[PDB]
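Enquirer: Below is one structure. I have some questions about it.
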Amino acid sequence: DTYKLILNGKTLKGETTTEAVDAXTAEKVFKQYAXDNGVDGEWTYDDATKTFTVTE
């Protein structure tokens, strides 16, 4: 299924999607993507919209 990430960084913002078998693999892609963007922070997931958010 399609999973979405919302990134709220101190210096940047972003949004991306990935196709994954489970919300496990999507989280462990997004928690590499937020790696690529130098963003570490507080993480939440919304099952309704399959959307993760990280805020620095």
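Within each chain, counting starts at residue 1; across the structure tokens, chains are named A, B, ... in the order shown, with ligands numbered 1 upward in that order.
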Determine, counting only C-alpha atoms, which protein, DNA and RNA residues have an atom within 9 Å of an atom of residue 51 of chain A; residues of the same chain fewer than 6 positions away are not included. Present the result as JSON, numbers by chain.
Expert: {"A": [3, 4, 5, 6, 17, 44, 45]}
Enquirer: Can you list, as a list in words, every protein, DNA or RNA residue that comes within 9 Å of residue 31 of chain A when you count only C-alpha atoms, leaving out same-chain residues fewer than 3 positions away?
Expert: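 Those residues are residues 26, 27, 28, 34, 35, 39, 40, 43 and 54 of chain A.
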Enquirer: What does the structure give for the distance between atom CA of residue 23 of chain A and atom CA of residue 49 of chain A, in Å to one decimal?
Expert: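 Taking atom CA of residue 23 of chain A as the start and atom CA of residue 49 of chain A as the end point, the length is 11.3 Å.
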Enquirer: Have a look at A:50, A:42, A:19, A:24 and name the one nearest to residue 7 of chain A; count only C-alpha atoms.
Expert: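 Of A:50, A:42, A:19, A:24, the one nearest residue 7 of chain A, counting only C-alpha atoms, is A:42.
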Enquirer: Taking into account only C-alpha atoms, which residue in the set A:10, A:30, A:25, A:16 is nearest to residue 55 of chain A?
Expert: A:10
Enquirer: Have a look at atom CA of residue 21 of chain A and atom CA of residue 9 of chain A and let me know their distance in Å, one decimal.
Expert: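 Interatomic distance, atom CA of residue 21 of chain A to atom CA of residue 9 of chain A: 26.9 Å.
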Enquirer: Residues near residue 38 of chain A, anyone? I mean within 10 Å using only C-alpha atoms, not counting same-chain ones fewer than 6 positions away, as a PyMOL selection string.
Expert: chain A and resi 9+11-12+32+56
Enquirer: Give the strand (DSSP E or B) residues of chain A, as DSSP finds them on the backbone, and put them as a list in words.
Expert: residues 2, 3, 4, 5, 6, 7, 8, 13, 14, 15, 16, 17, 18, 19, 42, 43, 44, 45, 46, 51, 52, 53, 54 and 55 of chain A
Enquirer: Enumerate as a count of residues only all residues of segment 13-51 of chain A assigned to alpha helix (DSSP H) by DSSP on the backbone, naming them with the chain letters and numbers the document uses.
Expert: 14
